[PDB]
């Protein structure tokens, strides 16, 4: 399938993943695309922050779903 990831900065990332890919695999693909360690990615889907160890089906993530890649600010 194909999911989308929108960022605080307003950038969209198209990802080609399967239904049962672990959250870790999606984080590593986002890394390959942009280069952010998984331990620093904050992925949110339907009011839930994707934790490692789970899968996309565990969060009921379907085709053309839209995740949010966010981060914390300190200013």
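Positions refer to the first chain, counted from 1.
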item: 44-52 versus 31-39 - which carries the larger mean C-alpha B factor in the record; value: 31-39
item: Position of residue 25 among the chain's modelled residues by C-alpha B-factor, lowest, middle or highest third; value: middle
item: Residue 60, C-alpha B-factor rank within chain (lowest, middle or highest third); value: middle
item: Cα B factor band for residue 5 (lowest, middle or highest third within the chain); value: middle
